[PDB]
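Colleague: I have a structure I would like to understand better, so I am pasting it below and will then ask my questions one at a time.
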Amino acid sequence: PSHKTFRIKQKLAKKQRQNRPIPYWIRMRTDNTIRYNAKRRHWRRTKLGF
Amino acid sequence: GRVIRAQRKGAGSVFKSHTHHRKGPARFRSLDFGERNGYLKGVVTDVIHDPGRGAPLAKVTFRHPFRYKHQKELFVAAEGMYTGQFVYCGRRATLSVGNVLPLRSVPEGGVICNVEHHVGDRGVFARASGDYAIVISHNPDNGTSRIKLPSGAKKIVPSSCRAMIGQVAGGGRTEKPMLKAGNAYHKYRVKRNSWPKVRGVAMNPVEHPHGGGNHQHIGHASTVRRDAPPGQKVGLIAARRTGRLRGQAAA
Amino acid sequence: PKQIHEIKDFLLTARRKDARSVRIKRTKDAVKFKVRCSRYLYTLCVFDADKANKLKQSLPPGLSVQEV
Amino acid sequence: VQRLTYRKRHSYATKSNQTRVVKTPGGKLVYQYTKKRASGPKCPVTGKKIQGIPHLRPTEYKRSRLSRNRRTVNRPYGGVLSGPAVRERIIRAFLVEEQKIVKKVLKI
Amino acid sequence: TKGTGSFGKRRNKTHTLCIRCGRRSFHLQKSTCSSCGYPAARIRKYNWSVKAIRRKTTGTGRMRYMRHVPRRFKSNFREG
Amino acid sequence: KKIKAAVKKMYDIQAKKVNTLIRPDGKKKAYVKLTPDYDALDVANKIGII
RNA sequence: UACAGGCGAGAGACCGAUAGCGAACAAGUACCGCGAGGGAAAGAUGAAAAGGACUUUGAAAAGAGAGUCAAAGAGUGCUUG
RNA sequence: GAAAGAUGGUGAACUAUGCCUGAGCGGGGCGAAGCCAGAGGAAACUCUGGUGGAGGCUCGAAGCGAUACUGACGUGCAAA
RNA sequence: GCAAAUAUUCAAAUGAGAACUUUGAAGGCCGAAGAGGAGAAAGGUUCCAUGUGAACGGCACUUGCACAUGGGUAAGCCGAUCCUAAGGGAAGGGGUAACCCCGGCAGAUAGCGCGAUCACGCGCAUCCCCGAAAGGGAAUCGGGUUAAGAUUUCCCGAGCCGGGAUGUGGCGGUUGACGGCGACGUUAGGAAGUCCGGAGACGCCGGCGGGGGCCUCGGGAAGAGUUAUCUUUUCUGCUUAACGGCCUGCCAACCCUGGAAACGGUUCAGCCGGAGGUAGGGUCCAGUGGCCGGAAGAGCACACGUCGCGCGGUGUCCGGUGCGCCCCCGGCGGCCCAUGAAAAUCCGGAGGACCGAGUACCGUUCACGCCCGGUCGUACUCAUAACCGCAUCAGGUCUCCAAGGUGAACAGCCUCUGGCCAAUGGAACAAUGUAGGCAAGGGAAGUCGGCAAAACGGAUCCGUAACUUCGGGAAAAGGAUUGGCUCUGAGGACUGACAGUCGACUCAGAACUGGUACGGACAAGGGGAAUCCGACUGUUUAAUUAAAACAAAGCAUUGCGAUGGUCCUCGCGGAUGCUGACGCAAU
RNA sequence: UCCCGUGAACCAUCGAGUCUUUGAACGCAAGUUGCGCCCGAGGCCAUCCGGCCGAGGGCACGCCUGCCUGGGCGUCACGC
Ligand SMILES: [Mg+2]
Ligand SMILES: [Mg+2]
Ligand SMILES: [Mg+2]
Ligand SMILES: [Mg+2]
Ligand SMILES: [Mg+2]
Ligand SMILES: [Mg+2]
Ligand SMILES: [Mg+2]
Ligand SMILES: [Mg+2]
Ligand SMILES: [Mg+2]
Ligand SMILES: [Mg+2]
Ligand SMILES: [Mg+2]
Ligand SMILES: [Mg+2]
Ligand SMILES: [Mg+2]
Ligand SMILES: [Mg+2]
Ligand SMILES: [Mg+2]
Ligand SMILES: [Mg+2]
Ligand SMILES: [Mg+2]
Ligand SMILES: [Mg+2]
Ligand SMILES: [Mg+2]
Ligand SMILES: [Mg+2]
Ligand SMILES: [Mg+2]
Ligand SMILES: [Mg+2]
Ligand SMILES: [Mg+2]
Ligand SMILES: [Mg+2]
Ligand SMILES: [Mg+2]
Ligand SMILES: [Mg+2]
Ligand SMILES: [Mg+2]
Ligand SMILES: [Mg+2]
Ligand SMILES: [Mg+2]
Ligand SMILES: [Mg+2]
Ligand SMILES: [Mg+2]
Ligand SMILES: [Mg+2]
Ligand SMILES: [Mg+2]
Ligand SMILES: [Mg+2]
Ligand SMILES: [Mg+2]
Ligand SMILES: [Mg+2]
Ligand SMILES: [Mg+2]
Ligand SMILES: [Mg+2]
Ligand SMILES: [Mg+2]
Ligand SMILES: [Mg+2]
Ligand SMILES: [Mg+2]
Ligand SMILES: [Mg+2]
Ligand SMILES: [Mg+2]
Ligand SMILES: [Mg+2]
Ligand SMILES: [Mg+2]
Ligand SMILES: [Mg+2]
Ligand SMILES: [Mg+2]
Ligand SMILES: [Mg+2]
Ligand SMILES: [Mg+2]
Ligand SMILES: [Mg+2]
Ligand SMILES: [Mg+2]
Ligand SMILES: [Mg+2]
Ligand SMILES: [Mg+2]
Ligand SMILES: [Mg+2]
Ligand SMILES: [Mg+2]
Ligand SMILES: [Mg+2]
Ligand SMILES: [Mg+2]
Ligand SMILES: [Mg+2]
Ligand SMILES: [Mg+2]
Ligand SMILES: [Mg+2]
Ligand SMILES: [Mg+2]
Ligand SMILES: [Mg+2]
Ligand SMILES: [Mg+2]
Ligand SMILES: [Mg+2]
Ligand SMILES: [Mg+2]
Ligand SMILES: [Mg+2]
Ligand SMILES: [Mg+2]
Ligand SMILES: [Mg+2]
């Protein structure tokens, strides 16, 4: 809602910083196995439950 | 089986009294030196309807005995009281309707209401609308008096028990038919959750001793003994007789 | 939002500390003299241009006069 | 004809959410919120209105907000008791005190 | 009816976030966490769910302080 | 209040008014209005923003 | 004397990615449930990225030539297959 | 490979009931007490015409529900 | 299989590629209880710009609520925050093996509060905390501004509230002001403990009256539309906020004089009067009423003329109307075995301990002036795609605003503002379906059964049986009428049995007229004679049962006078009970 | 500049340090960055040699040893 608490606004902010594709240079490091962000979230597909 | 409706009321949950709009308790004023040895003068200020109760209530304002302030009490109004009346409380008060006197100050045959039982309990008897007690006798070698209660029973009470002269106002209320489920609904909305009532014979066996059967019937005597367990004591508890009242037993 | 009625007291109130400005709105049929004070904006409506010019001169030099 | 909308985020039509339609210089119709009406002060003795005092919402009577002539009536018990109630109390005070002596005249 | 019509009426939260454990298990009306038992001083845990125990024992977080006690025990807790 | 103080110690200027908002990603942003003595553009130049 | 926890070791006629702990991998993770709780899948290019410049067709993805390599028909989910 | 039995916990965001504090329910029909006027009468009172607007009254809009087609659908738009 | 929610078409642009994107034109729909404009909950970046290979958007896409990169939420005045409701937690104490369970049980109950400090005094009563973004409540309005923020957070202008100080001026000392017969008036006008009152502060229903907004009529100036014919015509607009004064003074309430029968005054209704009417004259109250300031400098509409948030000009009127609609208010009436919160906060009073000058000090709720105003939310959707239903699901989910015509009507039907044409397209028109019609003669023969359909239907006039608890039945039944046009009569207002002017609405009646049509679409009872059950209204097996079941009023029985009855609890203890026989409890 | 040296390092190791908001969680609470009180280095004026904004830091509960303040004819002594 537009009326929210600071604590809920704080957690929603962090969830946004985590919806980003991995940097390209991570894919180049020695002995690397990360392919993609396996935790990306879409607001219409998976709800935060908080 | 399961816990029956009569057993569910003692837990309180939805069966507590509906008292949001009530006006406070109705009683005499704490008995003191003024009322033991003389009389205290009060003025009736308002006659008010108390939700959940048929007797009207009288707001009497006294002057404090030893503090510079008012004392605002609340009585069960006797029939006849009116705003602006001076009521008098105490031991030397005149025998007038609305006055509060101890029973040693009331002749036999007098009509009284809000009678105490222990000296200072501030009123336990004859408090419903149009109800009164009658002073039958005095026994001066005990400090006790015999009164007749609304039920007809004769109780011996101290000669210092206070009472209000007259009868409780609002009498005759229950002579009017209600005619409607709706009128019963509004009556109980302000009292407690006891209405409507489903007959036990219309229940299933799991929730009532009378329940079940291919026809609605009790199937056992409806009179149950006094010492029956809770959940079993439904019907006519410890009944001495049943059937229509005739002759002497109706007296 | 507080109208003055006389040149006399308007001069006194335009001669106050924190009189920031005086505005002069020449209108139809009249001229308005508004003085910007701390709490209120005071207004005279002057009807004689001769009395209008006389008022202008007594406005004490320093008091910001705007012509619109 | 321009339907309107609330200007607060209180969206229900309670007594506190009172609106008035006004036409502003911009050619617009808007809602503006209003006070909810208060009864004014009353005399307990007779229930009647107290004269000479406006009917305002209780914080609107604060000393910092209303001039003292709008808050007071220049008589004993003023703004608390109406005129007749004062007159009755005076006579009753006087007469009953005069009755106190004529009962004490009987003490012989 | 039950089912689709009745699922449309989820609008009110029975649980919200808990300050002590962080899970959406704080029952607002009852005012206690169903997971950790807050505000009870002791933590809610049972031996009839060993799996729930191991989700929240020591070592599943940082051990901000107890991480270094092994190193301090060696060298018998020297203070400089 | 502290924003007003700190902008006087640093940049040696005066804030007529400070308005704040916590941005959607978690940081706070302060809009500082300079008292009409100082010039915002000249303050902008002395640090380098424009 | 005891010691499925903690920390630090050493072993084995044990298992060999559907096995062995649920988890060899950002696994008590993703995801589900209001909740208590439930709970996966998923390892292997090459010795070395040397991970395919350039030309040509195509809007592109790609194809056809070519180039690297012992090998690409080992071509970034790629040993065998 | 049960139907069960036990121990200890979690739910009234759906639904049940009580309590508190808010919001909401066109236009029509019938026409109870009370009241006014005229007429009749020894009286008691009656009669006539209005007025008025009662009621878990009535047709019905929104809302709330769910009788019938045992209609459609019945690997549905939909676990109603 | 892609079929509900009426619907698309033509040109052009773009592009590799257009039924699906964009602009223009046309044709349609929602039709305002909306497919319009905004919110509460819930979501969490979906908002906005730029770009984009795959995937995804059940056809497609240049496209997007997808993907990538950036940007975006501004408050002393809106909220939260403060107060209490139902209710929750809780210290000493009681119980408990312990986790835990008990709040009135009354304990040096937590907190002491107030005047004082230069120390002491007083008082301590039903007592702490939490609990409402719909209850209570310090204070804001108008105009601008963005790709995206603000209607009131930003800019321009104009105010207000709370706290803190302090100064100039004023006001009083008959110590603590004047005026009025009075109701009361004047923006100043001592006051300590203590006490008292008011507001906050309250149900539903009915009608009547008032204000604002809208709708509606006529006139004037501005622009536009129609114009072969007409049409002084049709369309659009012609604005003025909080706040500050002055006026006005509704309906009530109140004051003074006076003394009422031959009773009068009065409402739609009531009602009022020797406890003082009618009358005459005053006070006060409400206001979203009028004037001025704000404020024309703003906004809007025209017409001009110029390079770049240019500039200049014209105007921003006049009456009238109401069983109209929305909101609010006033004041009466009705209803109840129902009487329809609290507290914070603010205001007023009773009393009068104690206090000072007049070379001046004690004041003061006045005016002006000075400073300060913290924290968190604020974008966007609010739903036939942003919430829940495993989905971009014909489901479900609380509100505010609400135009014209027809009409009783927020019915249905058509239209304007605003919004859309999003539901994969093309061809053809077999059977069988599904949804919707019509059918000669007959008219329930069909079928378990009139299931389904048809028939009836609005309004005005007339007429209406059995039976009855005398209230009904009843819209019983049964009849007649209904368009258009041209007239006639009645029913009013104000101003000076009259004269003049004005006037929106209803009802009666007549002649003429038509291919006998006329509640012309829409909307909208079929009726009657009986039997059984339940008296009625009400309720019920969410998702196979709506009933004859449940409830109910009425009737009757039973227990109980408190050291009690019925009931809950492991215990402590508790519910009924803020109760007490016209009551509680059990049938 | 870190390369024959105070000297690189996603080095190892550990003694010196830092350690946001919470949590038994402790000033009162909590779907609140909500609501109090106390101290106070530093700076300003003077409405005092006081008052204003302060950097930082306190204020939970039960308990033990000591202490300070106090209460009650509970038991006394001594008085008045
Ligand atoms: Mg969803
Ligand atoms: Mg009930
Ligand atoms: Mg009964
Ligand atoms: Mg029953
Ligand atoms: Mg049954
Ligand atoms: Mg049984
Ligand atoms: Mg039976
Ligand atoms: Mg049966
Ligand atoms: Mg038998
Ligand atoms: Mg309202
Ligand atoms: Mg006054
Ligand atoms: Mg169920
Ligand atoms: Mg609900
Ligand atoms: Mg709940
Ligand atoms: Mg803010
Ligand atoms: Mg495995
Ligand atoms: Mg596994
Ligand atoms: Mg090979
Ligand atoms: Mg190979
Ligand atoms: Mg190999
Ligand atoms: Mg292979
Ligand atoms: Mg088994
Ligand atoms: Mg068994
Ligand atoms: Mg519920
Ligand atoms: Mg709920
Ligand atoms: Mg309710
Ligand atoms: Mg009905
Ligand atoms: Mg009906
Ligand atoms: Mg149905
Ligand atoms: Mg249906
Ligand atoms: Mg069917
Ligand atoms: Mg089928
Ligand atoms: Mg096919
Ligand atoms: Mg289909
Ligand atoms: Mg509406
Ligand atoms: Mg977008
Ligand atoms: Mg597709
Ligand atoms: Mg609170
Ligand atoms: Mg609130
Ligand atoms: Mg509110
Ligand atoms: Mg501004
Ligand atoms: Mg004076
Ligand atoms: Mg009150
Ligand atoms: Mg209320
Ligand atoms: Mg008069
Ligand atoms: Mg006004
Ligand atoms: Mg004006
Ligand atoms: Mg309405
Ligand atoms: Mg009334
Ligand atoms: Mg906002
Ligand atoms: Mg917004
Ligand atoms: Mg909407
Ligand atoms: Mg779900
Ligand atoms: Mg009409
Ligand atoms: Mg209509
Ligand atoms: Mg036929
Ligand atoms: Mg047949
Ligand atoms: Mg047949
Ligand atoms: Mg047959
Ligand atoms: Mg047959
Ligand atoms: Mg049918
Ligand atoms: Mg009949
Ligand atoms: Mg007619
Ligand atoms: Mg029935
Ligand atoms: Mg069913
Ligand atoms: Mg059914
Ligand atoms: Mg029944
Ligand atoms: Mg008892």
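The way I read the labels, and the way they are meant: chains A, B, ... in the order of the structure tokens, residue 1 as the first residue of every chain, and ligand 1 as the first ligand shown, with later ones counted on from there.
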Excluding residue 12 (chain A) and its own-chain neighbours fewer than 3 positions away, which residues fall within 12 Å of it when counting only C-alpha atoms (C1' of nucleotides)? Please give them as a PDB file with N, CA and C atoms (P, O5', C5', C4', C3', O3' and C1' of nucleotides), in the first residue's frame.

Modeller:
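Final output, selection19.pdb:
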```pdb
ATOM      1  N   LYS A   4       2.851   2.496   4.303  1.00  0.00           N
ATOM      2  CA  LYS A   4       3.670   1.367   4.706  1.00  0.00           C
ATOM      3  C   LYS A   4       4.482   1.782   5.912  1.00  0.00           C
ATOM      4  N   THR A   5       5.144   0.818   6.532  1.00  0.00           N
ATOM      5  CA  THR A   5       6.079   1.119   7.604  1.00  0.00           C
ATOM      6  C   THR A   5       7.487   1.219   7.048  1.00  0.00           C
ATOM      7  N   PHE A   6       8.355   1.852   7.830  1.00  0.00           N
ATOM      8  CA  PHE A   6       9.752   1.978   7.445  1.00  0.00           C
ATOM      9  C   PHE A   6      10.415   0.616   7.342  1.00  0.00           C
ATOM     10  N   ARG A   7      10.062  -0.303   8.236  1.00  0.00           N
ATOM     11  CA  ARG A   7      10.660  -1.632   8.215  1.00  0.00           C
ATOM     12  C   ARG A   7      10.292  -2.397   6.947  1.00  0.00           C
ATOM     13  N   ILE A   8       9.041  -2.304   6.504  1.00  0.00           N
ATOM     14  CA  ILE A   8       8.654  -2.957   5.256  1.00  0.00           C
ATOM     15  C   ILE A   8       9.268  -2.247   4.056  1.00  0.00           C
ATOM     16  N   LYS A   9       9.348  -0.916   4.099  1.00  0.00           N
ATOM     17  CA  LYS A   9       9.995  -0.186   3.016  1.00  0.00           C
ATOM     18  C   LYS A   9      11.471  -0.534   2.917  1.00  0.00           C
ATOM     19  N   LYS A  15      15.163  -6.049  -1.654  1.00  0.00           N
ATOM     20  CA  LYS A  15      14.707  -7.004  -2.653  1.00  0.00           C
ATOM     21  C   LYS A  15      14.925  -6.472  -4.059  1.00  0.00           C
ATOM     22  N   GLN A  16      14.829  -5.154  -4.240  1.00  0.00           N
ATOM     23  CA  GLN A  16      15.086  -4.571  -5.551  1.00  0.00           C
ATOM     24  C   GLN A  16      16.560  -4.643  -5.920  1.00  0.00           C
ATOM     25  N   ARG A  17      17.453  -4.345  -4.976  1.00  0.00           N
ATOM     26  CA  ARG A  17      18.878  -4.398  -5.278  1.00  0.00           C
ATOM     27  C   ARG A  17      19.321  -5.796  -5.680  1.00  0.00           C
ATOM     28  N   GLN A  18      18.526  -6.814  -5.378  1.00  0.00           N
ATOM     29  CA  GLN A  18      18.889  -8.186  -5.678  1.00  0.00           C
ATOM     30  C   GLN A  18      18.311  -8.700  -6.992  1.00  0.00           C
ATOM     31  N   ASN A  19      17.422  -7.951  -7.650  1.00  0.00           N
ATOM     32  CA  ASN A  19      16.900  -8.323  -8.972  1.00  0.00           C
ATOM     33  C   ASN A  19      17.748  -7.709 -10.074  1.00  0.00           C
ATOM     34  N   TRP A  43       7.628  -9.702  -9.847  1.00  0.00           N
ATOM     35  CA  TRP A  43       6.540  -9.367  -8.938  1.00  0.00           C
ATOM     36  C   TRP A  43       5.247 -10.098  -9.263  1.00  0.00           C
ATOM     37  N   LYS A  47       5.529 -14.165  -5.050  1.00  0.00           N
ATOM     38  CA  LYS A  47       5.264 -13.149  -4.053  1.00  0.00           C
ATOM     39  C   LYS A  47       6.248 -13.268  -2.901  1.00  0.00           C
ATOM     40  N   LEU A  48       6.540 -12.132  -2.276  1.00  0.00           N
ATOM     41  CA  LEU A  48       7.534 -12.087  -1.216  1.00  0.00           C
ATOM     42  C   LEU A  48       7.041 -12.677   0.087  1.00  0.00           C
ATOM     43  N   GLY A  49       5.733 -12.722   0.297  1.00  0.00           N
ATOM     44  CA  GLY A  49       5.205 -13.218   1.549  1.00  0.00           C
ATOM     45  C   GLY A  49       5.558 -12.370   2.743  1.00  0.00           C
ATOM     46  N   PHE A  50       5.628 -11.055   2.565  1.00  0.00           N
ATOM     47  CA  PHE A  50       5.916 -10.116   3.645  1.00  0.00           C
ATOM     48  C   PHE A  50       5.666  -8.679   3.204  1.00  0.00           C
TER      49      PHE A  50
ATOM     50  N   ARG F  23      14.665   7.264  -0.543  1.00  0.00           N
ATOM     51  CA  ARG F  23      14.481   6.831  -1.916  1.00  0.00           C
ATOM     52  C   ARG F  23      13.981   5.390  -1.961  1.00  0.00           C
ATOM     53  N   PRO F  24      13.418   4.961  -3.092  1.00  0.00           N
ATOM     54  CA  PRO F  24      12.864   3.604  -3.154  1.00  0.00           C
ATOM     55  C   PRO F  24      13.894   2.509  -2.979  1.00  0.00           C
ATOM     56  N   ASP F  25      15.180   2.796  -3.174  1.00  0.00           N
ATOM     57  CA  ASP F  25      16.220   1.789  -3.038  1.00  0.00           C
ATOM     58  C   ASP F  25      16.916   1.826  -1.687  1.00  0.00           C
ATOM     59  N   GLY F  26      16.480   2.681  -0.772  1.00  0.00           N
ATOM     60  CA  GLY F  26      16.944   2.644   0.596  1.00  0.00           C
ATOM     61  C   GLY F  26      17.750   3.835   1.058  1.00  0.00           C
TER      62      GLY F  26
ATOM     63  P     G I  43       1.002  -7.638   0.882  1.00  0.00           P
ATOM     64  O5'   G I  43       1.401  -7.476  -0.646  1.00  0.00           O
ATOM     65  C5'   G I  43       1.133  -8.488  -1.598  1.00  0.00           C
ATOM     66  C4'   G I  43       1.293  -7.973  -3.005  1.00  0.00           C
ATOM     67  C3'   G I  43       2.665  -7.451  -3.366  1.00  0.00           C
ATOM     68  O3'   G I  43       3.527  -8.506  -3.729  1.00  0.00           O
ATOM     69  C1'   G I  43       0.990  -5.990  -4.190  1.00  0.00           C
ATOM     70  P     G I  44       5.001  -8.603  -3.130  1.00  0.00           P
ATOM     71  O5'   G I  44       5.767  -7.415  -3.846  1.00  0.00           O
ATOM     72  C5'   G I  44       5.714  -7.284  -5.258  1.00  0.00           C
ATOM     73  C4'   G I  44       6.092  -5.903  -5.717  1.00  0.00           C
ATOM     74  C3'   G I  44       7.524  -5.477  -5.383  1.00  0.00           C
ATOM     75  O3'   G I  44       8.056  -4.701  -6.450  1.00  0.00           O
ATOM     76  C1'   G I  44       6.018  -3.893  -4.552  1.00  0.00           C
ATOM     77  P     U I  45       9.324  -5.223  -7.273  1.00  0.00           P
ATOM     78  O5'   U I  45       9.326  -4.332  -8.582  1.00  0.00           O
ATOM     79  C5'   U I  45       8.137  -4.069  -9.315  1.00  0.00           C
ATOM     80  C4'   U I  45       8.233  -2.748 -10.030  1.00  0.00           C
ATOM     81  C3'   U I  45       9.649  -2.313 -10.383  1.00  0.00           C
ATOM     82  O3'   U I  45       9.639  -1.579 -11.601  1.00  0.00           O
ATOM     83  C1'   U I  45       8.667  -0.716  -8.955  1.00  0.00           C
TER      84        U I  45
END
```

Colleague: DSSP on the backbone: what in region 1-72 of chain E comes out strand (DSSP E), as a list in words?

Modeller: residues 15, 16, 26, 27, 32 and 33 of chain E

Colleague: Kindly assemble as JSON lines a list of the chain I residues that lie within 12 Å of ligand 51, each paired with its nearest atom pair and their distance in Å to one decimal, using only C-alpha atoms (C1' of nucleotides) and all ligand atoms, sorted first by chain and then by ascending residue number.

Modeller:
```
{"residue": "I:38", "atom": "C1'", "partner": "ligand 51", "partner_atom_place_in_ligand_line": "1 (Mg)", "distance": 10.0}
{"residue": "I:39", "atom": "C1'", "partner": "ligand 51", "partner_atom_place_in_ligand_line": "1 (Mg)", "distance": 10.1}
{"residue": "I:47", "atom": "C1'", "partner": "ligand 51", "partner_atom_place_in_ligand_line": "1 (Mg)", "distance": 10.6}
{"residue": "I:73", "atom": "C1'", "partner": "ligand 51", "partner_atom_place_in_ligand_line": "1 (Mg)", "distance": 8.4}
{"residue": "I:78", "atom": "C1'", "partner": "ligand 51", "partner_atom_place_in_ligand_line": "1 (Mg)", "distance": 11.8}
{"residue": "I:148", "atom": "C1'", "partner": "ligand 51", "partner_atom_place_in_ligand_line": "1 (Mg)", "distance": 11.7}
{"residue": "I:149", "atom": "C1'", "partner": "ligand 51", "partner_atom_place_in_ligand_line": "1 (Mg)", "distance": 8.3}
{"residue": "I:150", "atom": "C1'", "partner": "ligand 51", "partner_atom_place_in_ligand_line": "1 (Mg)", "distance": 8.4}
{"residue": "I:151", "atom": "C1'", "partner": "ligand 51", "partner_atom_place_in_ligand_line": "1 (Mg)", "distance": 11.0}
{"residue": "I:153", "atom": "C1'", "partner": "ligand 51", "partner_atom_place_in_ligand_line": "1 (Mg)", "distance": 11.3}
{"residue": "I:377", "atom": "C1'", "partner": "ligand 51", "partner_atom_place_in_ligand_line": "1 (Mg)", "distance": 11.8}
{"residue": "I:378", "atom": "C1'", "partner": "ligand 51", "partner_atom_place_in_ligand_line": "1 (Mg)", "distance": 7.0}
{"residue": "I:379", "atom": "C1'", "partner": "ligand 51", "partner_atom_place_in_ligand_line": "1 (Mg)", "distance": 6.8}
{"residue": "I:380", "atom": "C1'", "partner": "ligand 51", "partner_atom_place_in_ligand_line": "1 (Mg)", "distance": 7.8}
{"residue": "I:381", "atom": "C1'", "partner": "ligand 51", "partner_atom_place_in_ligand_line": "1 (Mg)", "distance": 11.5}
```

Colleague: Mind dumping the selected residues with C-alpha atoms (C1' of nucleotides) as a PDB file, in the first residue's frame?

Modeller:
```
ATOM      1  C1'   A I  38     -10.110   8.945  -7.438  1.00  0.00           C
ATOM      2  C1'   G I  39      -9.008   5.916  -2.688  1.00  0.00           C
ATOM      3  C1'   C I  47       5.287   4.150 -12.636  1.00  0.00           C
ATOM      4  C1'   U I  73       7.955   9.543  -4.225  1.00  0.00           C
ATOM      5  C1'   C I  78      -2.530  15.389   4.477  1.00  0.00           C
ATOM      6  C1'   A I 148       7.452  10.558 -14.506  1.00  0.00           C
ATOM      7  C1'   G I 149       6.236  14.401  -8.099  1.00  0.00           C
ATOM      8  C1'   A I 150       2.288  17.871  -5.372  1.00  0.00           C
ATOM      9  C1'   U I 151      -5.713  19.428  -5.795  1.00  0.00           C
ATOM     10  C1'   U I 153       4.516  18.323   0.085  1.00  0.00           C
ATOM     11  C1'   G I 377       4.613   7.166   4.685  1.00  0.00           C
ATOM     12  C1'   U I 378       3.719   9.770   0.008  1.00  0.00           C
ATOM     13  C1'   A I 379       5.483   6.773  -7.352  1.00  0.00           C
ATOM     14  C1'   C I 380       1.832   3.440  -9.500  1.00  0.00           C
ATOM     15  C1'   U I 381      -2.592  -0.463 -10.009  1.00  0.00           C
TER      16        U I 381
END
```

Colleague: Looking only at the backbone, which of the residues in region 26-218 of chain B does DSSP tag as helix (DSSP H, G or I), as an NGL selection string?

Modeller: :B and (33-36 or 103-105 or 173-175 or 181-189 or 200-202 or 205-207)

Colleague: Give the residue list for ligand 27 at 9 Å, counting only C-alpha atoms (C1' of nucleotides) and all ligand atoms, as a PyMOL selection string, sorted by chain and then by residue number.

Modeller: (chain H and resi 56-58) or (chain I and resi 537)

Colleague: If I take CA of residue 11 (chain D) and CA of residue 1 (chain A), how far is one from the other in Å, to one decimal?

Modeller: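 Computed distance, CA of residue 11 (chain D) to CA of residue 1 (chain A), equals 14.3 Å.
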
Colleague: Which residue out of E:55, E:40, E:74, E:11 has the minimum interatomic distance to chain G when only C-alpha atoms (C1' of nucleotides) are used?

Modeller: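 Closest to chain G of all the choices is E:55.
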
Colleague: Grab the CA of residue 31 (chain B) to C1' of residue 575 (chain I) distance for me, in Å with one decimal place.

Modeller: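 So the answer is 29.6 Å.
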
Colleague: Give as a PDB file with N, CA, C and O atoms (P, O5', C5', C4', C3', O3' and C1' of nucleotides), in the first residue's frame every residue of chain J that touches chain A within 10 Å, counting only C-alpha atoms (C1' of nucleotides).

Modeller:
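Once written, result.pdb looks like this:
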```pdb
ATOM      1  P     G J  31       2.920  -4.820  16.655  1.00  0.00           P
ATOM      2  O5'   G J  31       3.846  -4.762  15.367  1.00  0.00           O
ATOM      3  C5'   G J  31       3.507  -5.500  14.201  1.00  0.00           C
ATOM      4  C4'   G J  31       3.743  -4.712  12.939  1.00  0.00           C
ATOM      5  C3'   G J  31       3.551  -3.198  13.055  1.00  0.00           C
ATOM      6  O3'   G J  31       4.458  -2.526  12.182  1.00  0.00           O
ATOM      7  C1'   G J  31       2.050  -4.070  11.456  1.00  0.00           C
ATOM      8  P     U J  32       5.933  -2.120  12.658  1.00  0.00           P
ATOM      9  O5'   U J  32       5.928  -0.527  12.652  1.00  0.00           O
ATOM     10  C5'   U J  32       4.801   0.205  13.118  1.00  0.00           C
ATOM     11  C4'   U J  32       5.087   1.681  13.269  1.00  0.00           C
ATOM     12  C3'   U J  32       6.555   2.078  13.399  1.00  0.00           C
ATOM     13  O3'   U J  32       6.724   3.392  12.866  1.00  0.00           O
ATOM     14  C1'   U J  32       5.401   2.787  15.301  1.00  0.00           C
ATOM     15  P     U J  33       7.385   3.632  11.427  1.00  0.00           P
ATOM     16  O5'   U J  33       8.945   3.671  11.722  1.00  0.00           O
ATOM     17  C5'   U J  33       9.543   4.813  12.308  1.00  0.00           C
ATOM     18  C4'   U J  33      10.577   4.429  13.332  1.00  0.00           C
ATOM     19  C3'   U J  33      11.303   5.584  14.001  1.00  0.00           C
ATOM     20  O3'   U J  33      10.553   6.085  15.091  1.00  0.00           O
ATOM     21  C1'   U J  33      12.844   3.869  13.370  1.00  0.00           C
TER      22        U J  33
END
```
